[PDB]
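Just one chain follows, in the form deposited in one PDB entry, and it is written as structure tokens.
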């Protein structure tokens, strides 16, 4: 191995010179200059300060205006809630971690960071599955109502927890990645005690490949066959934005899983891991730009 494995960590840095310390015990300045940890903290502070108001204002405007009860309005409402969970539950630990250069909260902080970021990303993915069926049902007419949308909302939480929760209780585990200031799923070690390999295959199949198969099946029909046009256009951008956000992470995660112990450094996963955290803020932005009714209501309420 070209890294350093400990009981609950894998540092992508060789301990041949003896300088590697646990990311739960001391600042990781042996693998990066302090000013680089400070950039990660400036970034996270931005995401929190931007992420909280824009998701709260999406939530506030939707509840205030009773005309926002289409299935799209419910789904965007649900995304704002999970985004708030990501900001307050996970990103506050990311900020404090990146400020101090290591996981000052110990493994409990690593679990919070990884869990809330995994949960929110999966709620967004399975939300895209719901919108793909609604668009397929309404446009093709093979009626999608409030009951269906509200059932879809509960479905996204169940699927997301089926992915985010097991690493909390012994199936795989959350481990620090990159510069050791964020946590994800353990793609790095075998660690048979927690049956790591079977979780990763289950995560990539059930909660990455299968949802994308559903989404692209439905769009395949719409391709191969005015207010609804506005909805369909927004859902196309949301699918594209999701892929830009998560594919770099997904690709590096899968490379590491199939090249365990190989020669990669700490920046390799740091950048796709922190870019993926923009997932907590981009969805309401698309909402404001591409939904005229929601934009008018936000302008009305805020002014």
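In this text, rigid core is short for the largest set of C-alphas that superpose within 1.5 Å between two forms. Residue numbers count along the first chain shown, from 1.
In what follows, reference is made to the form deposited in another entry, a form of this protein that is not presented.
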Which of the listed residues (104, 162, 137, 209) moves its Cα by 2 Å or more between the shown form and the other one when the core is kept in place? 137
Superposing on the rigid core, I want to see if residue 57 changes position between the shown form and the other one - specifically a Cα shift of 2 Å or more. no
Exceeds or equals 2 Å, Cα of residue 236 between the shown form and the other one, core fit: yes
Tell me whether residue 36 is among the residues that move between the shown form and the other one (Cα shift of 2 angstroms or more, core superposed). no
Since the Cα separation of residue 155 and residue 231 moves by 3 Å or more in the other form, tell me which way: closer or farther than here. farther
In the other form, the Cα separation between residue 289 and residue 56 changes by 3 Å or more relative to the shown form; did it shrink or grow? closer
